[PDB]
$ cat upload_10.pdb   # PDB, C-alpha atoms (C1' of nucleotides)
ATOM      1  CA  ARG A   1       7.643 -13.979  71.328  1.00  0.00           C
ATOM      2  CA  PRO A   2       9.923 -15.291  68.571  1.00  0.00           C
ATOM      3  CA  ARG A   3       9.626 -19.056  67.963  1.00  0.00           C
ATOM      4  CA  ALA A   4      12.571 -20.971  69.415  1.00  0.00           C
ATOM      5  CA  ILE A   5      13.964 -21.959  65.984  1.00  0.00           C
ATOM      6  CA  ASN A   6      13.369 -20.575  62.471  1.00  0.00           C
ATOM      7  CA  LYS A   7      11.769 -22.827  59.881  1.00  0.00           C
ATOM      8  CA  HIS A   8      15.042 -23.794  58.235  1.00  0.00           C
ATOM      9  CA  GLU A   9      16.465 -25.079  61.548  1.00  0.00           C
ATOM     10  CA  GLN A  10      13.418 -27.324  61.787  1.00  0.00           C
ATOM     11  CA  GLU A  11      14.244 -28.821  58.423  1.00  0.00           C
ATOM     12  CA  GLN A  12      17.728 -29.251  59.823  1.00  0.00           C
ATOM     13  CA  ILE A  13      16.798 -30.800  63.180  1.00  0.00           C
ATOM     14  CA  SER A  14      13.955 -32.807  61.751  1.00  0.00           C
ATOM     15  CA  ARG A  15      16.734 -34.541  59.896  1.00  0.00           C
ATOM     16  CA  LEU A  16      19.252 -35.180  62.656  1.00  0.00           C
ATOM     17  CA  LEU A  17      16.380 -36.493  64.802  1.00  0.00           C
ATOM     18  CA  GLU A  18      15.367 -39.056  62.172  1.00  0.00           C
ATOM     19  CA  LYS A  19      18.955 -40.227  61.792  1.00  0.00           C
ATOM     20  CA  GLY A  20      19.367 -40.758  65.519  1.00  0.00           C
ATOM     21  CA  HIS A  21      20.770 -37.845  67.574  1.00  0.00           C
ATOM     22  CA  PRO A  22      19.432 -37.312  71.112  1.00  0.00           C
ATOM     23  CA  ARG A  23      16.729 -34.720  71.892  1.00  0.00           C
ATOM     24  CA  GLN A  24      19.229 -33.457  74.504  1.00  0.00           C
ATOM     25  CA  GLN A  25      22.401 -32.617  72.589  1.00  0.00           C
ATOM     26  CA  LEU A  26      20.277 -30.859  69.954  1.00  0.00           C
ATOM     27  CA  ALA A  27      18.439 -29.036  72.722  1.00  0.00           C
ATOM     28  CA  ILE A  28      21.826 -28.144  74.181  1.00  0.00           C
ATOM     29  CA  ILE A  29      23.686 -27.345  70.985  1.00  0.00           C
ATOM     30  CA  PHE A  30      20.761 -25.266  69.547  1.00  0.00           C
ATOM     31  CA  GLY A  31      20.316 -23.637  72.943  1.00  0.00           C
ATOM     32  CA  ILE A  32      16.683 -24.670  73.373  1.00  0.00           C
ATOM     33  CA  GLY A  33      14.957 -26.543  76.159  1.00  0.00           C
ATOM     34  CA  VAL A  34      14.120 -30.188  75.637  1.00  0.00           C
ATOM     35  CA  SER A  35      10.382 -29.666  76.182  1.00  0.00           C
ATOM     36  CA  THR A  36      10.315 -27.250  73.291  1.00  0.00           C
ATOM     37  CA  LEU A  37      11.705 -30.001  71.108  1.00  0.00           C
ATOM     38  CA  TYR A  38       9.178 -32.691  72.067  1.00  0.00           C
ATOM     39  CA  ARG A  39       6.688 -29.929  71.189  1.00  0.00           C
ATOM     40  CA  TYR A  40       7.908 -29.164  67.680  1.00  0.00           C
ATOM     41  CA  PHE A  41       8.673 -32.864  67.060  1.00  0.00           C
ATOM     42  CA  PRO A  42       6.559 -35.202  69.180  1.00  0.00           C
ATOM     43  CA  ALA A  43       8.011 -38.644  69.820  1.00  0.00           C
ATOM     44  CA  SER A  44       4.957 -40.125  68.083  1.00  0.00           C
ATOM     45  CA  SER A  45       5.995 -38.494  64.786  1.00  0.00           C
ATOM     46  CA  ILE A  46       9.263 -40.154  63.753  1.00  0.00           C
TER
ATOM     47  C1'  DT B   1       2.396  -1.573  83.032  1.00  0.00           C
ATOM     48  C1'  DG B   2      -0.595  -4.552  79.530  1.00  0.00           C
ATOM     49  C1'  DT B   3      -1.704  -8.037  75.890  1.00  0.00           C
ATOM     50  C1'  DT B   4      -0.306 -11.492  73.082  1.00  0.00           C
ATOM     51  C1'  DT B   5       2.652 -15.315  71.412  1.00  0.00           C
ATOM     52  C1'  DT B   6       5.853 -18.900  72.165  1.00  0.00           C
ATOM     53  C1'  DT B   7       9.210 -21.028  75.487  1.00  0.00           C
ATOM     54  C1'  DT B   8      10.137 -24.048  79.060  1.00  0.00           C
ATOM     55  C1'  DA B   9      10.202 -26.262  83.254  1.00  0.00           C
ATOM     56  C1'  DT B  10       7.762 -29.596  85.698  1.00  0.00           C
ATOM     57  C1'  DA B  11       4.885 -32.866  87.143  1.00  0.00           C
ATOM     58  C1'  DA B  12       2.742 -37.044  85.938  1.00  0.00           C
ATOM     59  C1'  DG B  13       2.099 -41.265  83.052  1.00  0.00           C
ATOM     60  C1'  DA B  14      -4.408 -47.455  82.828  1.00  0.00           C
TER
ATOM     61  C1'  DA C   1      17.073 -44.552  86.171  1.00  0.00           C
ATOM     62  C1'  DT C   2      14.600 -43.063  81.407  1.00  0.00           C
ATOM     63  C1'  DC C   3      11.296 -41.207  77.812  1.00  0.00           C
ATOM     64  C1'  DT C   4       6.700 -38.491  76.572  1.00  0.00           C
ATOM     65  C1'  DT C   5       3.391 -35.366  76.957  1.00  0.00           C
ATOM     66  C1'  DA C   6       0.190 -31.594  78.326  1.00  0.00           C
ATOM     67  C1'  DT C   7       0.249 -27.597  81.221  1.00  0.00           C
ATOM     68  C1'  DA C   8       0.608 -23.794  83.799  1.00  0.00           C
ATOM     69  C1'  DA C   9       3.946 -19.797  84.813  1.00  0.00           C
ATOM     70  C1'  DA C  10       6.462 -16.487  82.647  1.00  0.00           C
ATOM     71  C1'  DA C  11       9.566 -14.584  79.539  1.00  0.00           C
ATOM     72  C1'  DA C  12      10.247 -11.966  75.359  1.00  0.00           C
ATOM     73  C1'  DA C  13       7.981  -8.875  72.155  1.00  0.00           C
ATOM     74  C1'  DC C  14       6.407  -4.204  71.398  1.00  0.00           C
TER
END
$ encode --input "upload_10.pdb" --output "structure tokens"
Amino acid sequence: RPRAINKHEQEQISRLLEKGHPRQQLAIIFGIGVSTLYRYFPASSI
DNA sequence: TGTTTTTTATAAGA
DNA sequence: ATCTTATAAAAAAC
């Protein structure tokens, strides 16, 4: 199954996340479940 | 109708 | 309420 978000997008979200933005809007906006996000970017990694 | 890869809800957190 | 995390069920591929 295709990863939820291509590499680039990671580079993109990795940013937003480190500048603030909530793991929920991103999830929403990017159309991907919150759990997926805590997976790619664990809380203990910011 | 079957295997594999990744998602994603969900339940649980000395 | 809230935020995190591992998981267990299943979707999305072909």
$ residues_around --input "upload_10.pdb" --residues "residue 5 of chain B" --least-positions-apart "4" --cutoff "12 Å" --atoms "all atoms listed in the file" --output "list in words"
residues 1, 2, 3 and 4 of chain A; 10, 11, 12, 13 and 14 of chain C
$ interface_residues --input "upload_10.pdb" --of "chain A" --to "chain B" --cutoff "12 Å" --atoms "all atoms listed in the file" --output "number ranges by chain"
A: 1-5, 27, 31-40
$ residues_around --input "upload_10.pdb" --residues "segment 13-17 of chain A" --least-positions-apart "5" --cutoff "8 Å" --atoms "only C-alpha atoms (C1' of nucleotides)" --output "list in words"
residues 22, 23, 26 and 41 of chain A
$ resolve_selection --input "upload_10.pdb" --expression "the PyMOL selection byres ((chain C and resi 2-6) around 8)" --output "list in words"
residues 38 and 43 of chain A; 1 and 7 of chain C
$ atom_distance --input "upload_10.pdb" --atom1 "atom CA of residue 42 of chain A" --atom2 "atom CA of residue 8 of chain A"
17.9 Å
$ decode --input "upload_10.pdb" --residues "chain B" --atoms "C-alpha atoms (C1' of nucleotides)" --output "tab-separated table (two decimals), in the first residue's frame"
chain	number	residue	atom	x	y	z
B	1	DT	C1'	-9.25	-14.87	-3.45
B	2	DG	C1'	-4.16	-14.30	-1.47
B	3	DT	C1'	0.12	-11.98	0.22
B	4	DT	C1'	2.36	-8.06	1.40
B	5	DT	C1'	2.91	-3.18	2.85
B	6	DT	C1'	1.30	0.83	5.07
B	7	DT	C1'	-2.79	3.24	7.15
B	8	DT	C1'	-5.59	4.14	10.91
B	9	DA	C1'	-8.59	3.73	14.56
B	10	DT	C1'	-8.57	2.64	19.23
B	11	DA	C1'	-7.52	1.55	23.57
B	12	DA	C1'	-4.52	2.51	27.25
B	13	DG	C1'	-0.95	5.28	29.73
B	14	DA	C1'	4.02	3.54	37.01
